[PDB]
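This document starts with one chain, in the form deposited in one PDB entry, laid out as structure tokens.
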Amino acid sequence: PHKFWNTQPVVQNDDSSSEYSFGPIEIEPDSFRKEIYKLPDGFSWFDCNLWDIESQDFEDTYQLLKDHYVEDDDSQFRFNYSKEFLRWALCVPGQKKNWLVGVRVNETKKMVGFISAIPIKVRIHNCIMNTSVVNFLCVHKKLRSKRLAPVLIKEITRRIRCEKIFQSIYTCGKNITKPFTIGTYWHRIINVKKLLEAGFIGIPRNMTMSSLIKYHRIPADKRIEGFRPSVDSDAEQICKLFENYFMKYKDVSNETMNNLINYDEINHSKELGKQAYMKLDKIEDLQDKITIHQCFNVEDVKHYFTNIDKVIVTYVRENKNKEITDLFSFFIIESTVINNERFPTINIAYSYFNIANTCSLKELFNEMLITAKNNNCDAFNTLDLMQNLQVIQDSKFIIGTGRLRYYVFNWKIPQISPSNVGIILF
């Protein structure tokens, strides 16, 4: 029984709609609460100054997440996002100062809560829109189970709506309301001895450390040439590469892709916003296609698909005309090994966006796995989004624990396969 989520414009688990459709759940451009939400006495909101990596706010945020953010099931690993990562992930083109929200104890100046939104452009079927991604919701462990989280969620909702944005995308490792897709975690072991020492895997009875090393080795043969790190001057080419990829896997006609309904222009009117509703005759119309994905202009490409040591790795393949034809990318997050004083962290790569045109996706990932090994990553993690199952199948990836639930706030999306989703959250 929910007490907060049952009041929100999201599809509920008990929803009994017998039709597949798309569109906003509600069009309420001026009826939302505009007054700041009250925090418990002694606590105050503040806009978190992540615009200078040396600021005190950035140290406070880094420390809060380091000790209190997402942990695995058994509380053996906790994410340890670096400050350079958080800057790359949160100070994105178009970001607003007030979408990085902290909660501080007034007497001690201790930061005890955080929630963030980043602006992104997304296509959802026949619509395109400026939207938000909510991430890094975090409450101090000593303040949990006191119903603070709905306060932080309502407050970021208010701050997003003040920017005339009424939808959001977010993920969760547990079921809340009805998710529009469910992602499966997959792990590729790179550094066996480190992951054994960390307790992530163990040594099977029918194996040895040496046979494990042998089994999990990244294949060294069949190397395809032409790959190099991306640079800023690649941005226009990379932008075109992404447009052609999303055009290839579209779930709407060519004319539709070229004339997407821009919800930003009609979300101010209950009558005009109705144009965004779209009934789907057959669910099979979407099979093998991408239905929802982020859209990147040249400025976004320059920011996201770059190379920052220990944060983000982007390589492109060139042909004999020196034209970019393929791309792989992954970001890098350390995790704390909670109960290991002498081996306190591991370095994990996470697949981001990958486009294979001149090679198979399996060959592309093999080149990416080698590069992640050479970037000192102990494992390579992926979701079964987009065409990744092609590589996950008949590979040495091992399934993870739990599932990643995808949600859209104030939009209707039929339950779809993760192959239909091109949205990666940090």
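Think of the rigid core as the biggest set of C-alphas that the two forms share within 1.5 Å after superposition. We number the residues from 1 along the sequence you see.
Just so you know, the form deposited in another entry exists too; it's not on screen, but the next bit is about it.
- For the listed set 75, 145, 206, 233, the sole C-alpha moving 2 Å or more between this form and the one not shown on a rigid core superposition is that of 206.
- Once both forms are fitted on their core, a CA shift of 2 Å or more is seen for residue 19 between this form and the one not shown.
- Cα of residue 387 to Cα of residue 20: at least 3 Å longer in the other entry than in the shown structure.
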